[PDB]
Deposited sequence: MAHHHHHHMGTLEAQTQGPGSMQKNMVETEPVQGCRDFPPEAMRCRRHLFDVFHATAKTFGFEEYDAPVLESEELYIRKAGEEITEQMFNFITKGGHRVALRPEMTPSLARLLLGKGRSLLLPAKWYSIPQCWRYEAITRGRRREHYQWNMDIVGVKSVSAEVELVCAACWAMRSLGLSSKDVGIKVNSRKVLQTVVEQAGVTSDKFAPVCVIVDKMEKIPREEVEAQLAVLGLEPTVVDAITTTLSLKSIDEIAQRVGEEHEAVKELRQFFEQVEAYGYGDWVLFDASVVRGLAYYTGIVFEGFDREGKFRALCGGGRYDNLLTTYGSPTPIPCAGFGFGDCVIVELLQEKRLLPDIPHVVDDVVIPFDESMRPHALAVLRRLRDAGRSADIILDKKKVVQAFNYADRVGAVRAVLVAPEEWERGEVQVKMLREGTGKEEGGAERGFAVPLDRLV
């Protein structure tokens, strides 16, 4: 017998599981459409050179990579943002801005544990908008998706911060700019306190510079940030604008400030955010931020402002299961056409044709079955209606219909 289990760390989606995934994706698509984002896609296979950022990111550390027969370094994408940037850079001058693009790529990782190696990740990005209205819209989109799935602001929130605060603190200490990305990557690991301080020292930062970083991540309000860097610091004005705009849109209860949020990606320059459950039970539900320099690093002759997020398919489902918002969605079909016997099969097919022409989902019983077994089958597939095509009714230009006693119905009136 062949191996029935899927490849290590990968999921199968038989129909039952697929209906769940589809319920989730319906919301991602519908939210994107509500917010005016355009779908795109790109190959799961990208050049490895695309992901070499040299900041010690977990995402680059766990690349699912391999060498082609031709000898080229490729990888199954660990994330989508670089692919997006490649596409944007390809279009160059011909891309109309602003652009709002989304996708739901499967993304990949390798880990030596004998644990998940793939997930699907909703990506939403806004390109060509300098102002915080982008981040506002993005955070609202994430909340909208969660609310659409049945969650409330009692269940979840979005923690919001700006990396510009830390930038200034690190830059005031005399640390070269190139160290800033590594610092964010290290400080993201705070969620072992001694080991984080140790890694920062290896980066070449003295104890007092580490102290200033620690203190600023522990400041619990925007006013406290204001005391440290000033009320007219870019981060303060922008964070204030952000919260004012989310409040105006009606999602104020969903969002809050948290100075410890930095995210683990090298490329965020400004506002960063992540979704979380209010019970403190799960990892991040989604994550994102502004990354205004990425396209410049890729060689764009002009700077292109970008912001966006990723929203995974695994943590959200666990949360929905906990909150009892993922009831089993059973299969449905409008009609099941039942030939009384094989001599009625041709007539039954004409009926089936009609039903499908009118936009109805319909089965016909394919093998030889007795009527009552055909009826049981109809119930198993969740048919709303059984349509028995029997010789007596057929001579009267009729069929028998039963909603799941029967009724005789003219053919013309079935649809």
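S.K.: Unmodelled stretches of the deposited sequence, numbered from 1?
M.R.: Several stretches lack coordinates - namely 1-25, 140-141, 219-220, 434-445, in sequence order.
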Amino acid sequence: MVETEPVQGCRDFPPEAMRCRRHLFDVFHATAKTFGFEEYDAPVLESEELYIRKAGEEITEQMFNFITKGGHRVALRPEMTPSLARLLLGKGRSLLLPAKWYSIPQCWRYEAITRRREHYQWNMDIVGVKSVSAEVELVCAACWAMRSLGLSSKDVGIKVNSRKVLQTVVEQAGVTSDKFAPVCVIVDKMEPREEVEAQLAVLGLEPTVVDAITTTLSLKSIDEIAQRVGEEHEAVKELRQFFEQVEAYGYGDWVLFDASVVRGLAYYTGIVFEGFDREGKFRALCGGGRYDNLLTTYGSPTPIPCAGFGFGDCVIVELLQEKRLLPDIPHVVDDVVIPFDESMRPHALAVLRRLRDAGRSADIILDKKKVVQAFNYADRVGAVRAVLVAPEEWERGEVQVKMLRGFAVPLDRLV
From here on, numbers count along this sequence of modelled residues.
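Basically, rigid core = biggest C-alpha set you can superpose within 1.5 Å across the two forms.
S.K.: Is the larger C-alpha RMS shift in 9 other deposited structures of this protein, relative to this form with the rigid core superposed, found in 49-57 or in 66-74?
M.R.: Once the cores are fitted, 66-74 deviates more in 9 other deposited structures of this protein.
S.K.: Which stretch is more displaced from the shown form in 9 other deposited structures of this protein, 192-200 or 82-90, with RMS over structures and residues of Cα positions after a rigid core fit?
M.R.: The answer is 192-200, which departs more from the shown form in 9 other deposited structures of this protein.
S.K.: Is it true that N123 goes unbuilt in a third or more of the other compared entries of this protein?
M.R.: In none of the comparable entries (those modelling both sides of it) is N123 left without coordinates.
S.K.: Where the other entries model residues on both sides, is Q227 skipped in at least a third?
M.R.: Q227: modelled in every other compared entry.
S.K.: Taking the recorded C-alpha temperature factors, which stretch has the higher mean, 302-310 or 339-347?
M.R.: Result: 339-347.
S.K.: Name the higher of the two by mean Cα B-factor in the PDB entry, 39-47 versus 26-34.
M.R.: Comparing 39-47 with 26-34, the higher average CA B-factor belongs to 39-47.
S.K.: Based on what the PDB entry reports, which of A386, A358, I52, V381 has the top C-alpha B-factor?
M.R.: Answer for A386, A358, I52, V381: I52, with the highest C-alpha B-factor.
S.K.: Among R116, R77, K91, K237, single out the one with the highest C-alpha B factor in the record, please.
M.R.: Out of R116, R77, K91, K237, the record gives the largest C-alpha B-factor to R116.
S.K.: Within this chain's modelled residues, let me know which third the CA B factor of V315 belongs to: lowest, middle or highest.
M.R.: Ranked within chain, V315 CA B lands in the middle tercile.
S.K.: According to the PDB entry, is the CA B factor of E16 in the bottom, middle or top third of its chain, that is, lowest, middle or highest?
M.R.: Middle third by C-alpha B-factor.
S.K.: Using the B-factor values recorded in the entry, state whether the Cα atom of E274 falls in the lowest, middle or highest third among the modelled residues of its chain.
M.R.: Lowest third.
S.K.: Sort the modelled residues of this chain by their C-alpha B factor and say whether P327 lands in the lowest, middle or highest third.
M.R.: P327: CA B-factor falls in the highest third of its chain.
S.K.: When the deposited Cα B-factors of this chain's modelled residues are ordered and cut into thirds, is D258 in the lowest, the middle or the highest one?
M.R.: It belongs to the middle third of the chain when residues are ordered by C-alpha B-factor.
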